[PDB]
Amino acid sequence: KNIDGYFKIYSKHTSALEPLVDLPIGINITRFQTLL
Amino acid sequence: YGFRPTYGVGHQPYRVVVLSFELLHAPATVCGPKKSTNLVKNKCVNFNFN
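What counts and how
Residues numbered from 1 in each chain as written, not as in the entry; some residues may be left out. Chains lettered and ligands numbered in written order. Part of a larger assembly, values for the part shown. Heavy atoms only, no water. Helix = DSSP H or I, 4+ residues; strand = E, 2+ residues; numbered from the N terminus. Buried < 20%, exposed > 50% of the residue type's maximum accessible area, 1.4 Å probe, protein only. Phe/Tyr/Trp six-rings, centres within 6.5 Å; stacked < 30°, edge-to-face > 60°. Pairing = 2+ DSSP bridges.

Method of determination, as annotated in the archive: cryo-EM, at 3.06 Å resolution.

Per the PDB entry, the recorded name for chain B is Spike glycoprotein,Fibritin,Expression Tag, and the organism is Severe acute respiratory syndrome coronavirus 2. For this entry, the PDB record gives the title as "The JN.1 spike protein (S) in complex with ACE2".

### Describing the overall build of chain A
For chain A, the helix and strand inventory stands at 0 helices and 3 strands. Secondary structure elements of chain A, listed N to C terminal, follow the sequence β-β-β. Each principal axis of the C-alpha distribution contributes one length, and for chain A these read about 35 × 25 × 10 Å. Among the 36 residues that make up chain A, the fraction classed as buried is 0%.

### Remarks on the packing of aromatic side chains
For any pair of aromatic rings, the description consists of the separation of the ring centres together with the inter-plane angle of the planes. Residue and element names in this part refer to chain B. In total, this model carries 2 aromatic pairs over all chains according to the counting rule given. Look at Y1 and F3: their rings are 4.9 Å apart centre to centre, the planes differ by 10°, and that puts the pair in the stacked class. Classification of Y1 as exposed rests on a relative accessible area of 94%.

### So, the sheet that holds strand β3 (residues 18-23) of chain A
Residue and element names in this part refer to chain A. Read across the sheet, 3 strands follow the order β1-β2-β3 without closing on themselves; strand pairing throughout is antiparallel. Looking at strand neighbours, the two that pair on one side only are β1 (2-3) and β3, the edges of this open sheet. Note that strand β2 (residues 6-11) and β3 share 5 bridges and pair antiparallel. Each bridged residue has a counterpart across the sheet, and for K8 the counterpart in β3 is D22.

### Considering the environment of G26 of chain A
All names here are of chain A. Summarising the element assignment, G26 is placed in the segment after β3. Classification of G26 as exposed rests on a relative accessible area of 58%. As a C-alpha pair, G26 and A16 span 10 residues in sequence and 27 Å in three-dimensional space.

### As for the pairing of β2 of chain A
Residues and elements named next belong to chain A. The sheet contact formed by β1 and β2 spans 2 bridges and is antiparallel. Its bridge partner lying in β2, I3 is registered against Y6. Hairpin geometry of β1 and β2 is characterised by an intervening segment of 2 residues between the two adjacent antiparallel strands and by a positive phi of about 60° at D4.

### Looking at unusual backbone geometry
At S36 of chain B, a residue that is not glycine, the phi angle is positive and equals roughly 75°. Notably, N42 of chain B is not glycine yet its phi reads approximately 60°, a positive angle.

Here's what the structure looks like:
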C-alpha cells in the first residue's frame with residue numbers, strides 16, 4: 001500500500017497481518033512486477 | 001594562492017563551510033534536537049508523550 005507519500009507493507013508467517021515497515025518515499029507507483 | 005605561514009591575517013587561508021536547506025512536498029527527514037525530561041507518578045501533572 002502507498003498513500004500520502006508513505007510505502008508500508010504487511011507480513012505474517014505460519015489471522016491478521018502485523019505491520020512491518022514504512023518508508024517516507026514519495027515516488028509515484030503505477031505498475032507492479034515480480035522476479036524469481 | 002601560494003599560502004605562506006608568515007603572511008598577514010588578510011592572506012591566511014580560511015576554510016569556509018556553507019549550510020543549505022531545502023523544503024519540498026516530500027516527507028522531511030531532517031529536524032532539530034529535542035528535549036525530554038523525567039517521569040513522576042501519583043500526581044496530577046501535565047504530560048506530553050511524543
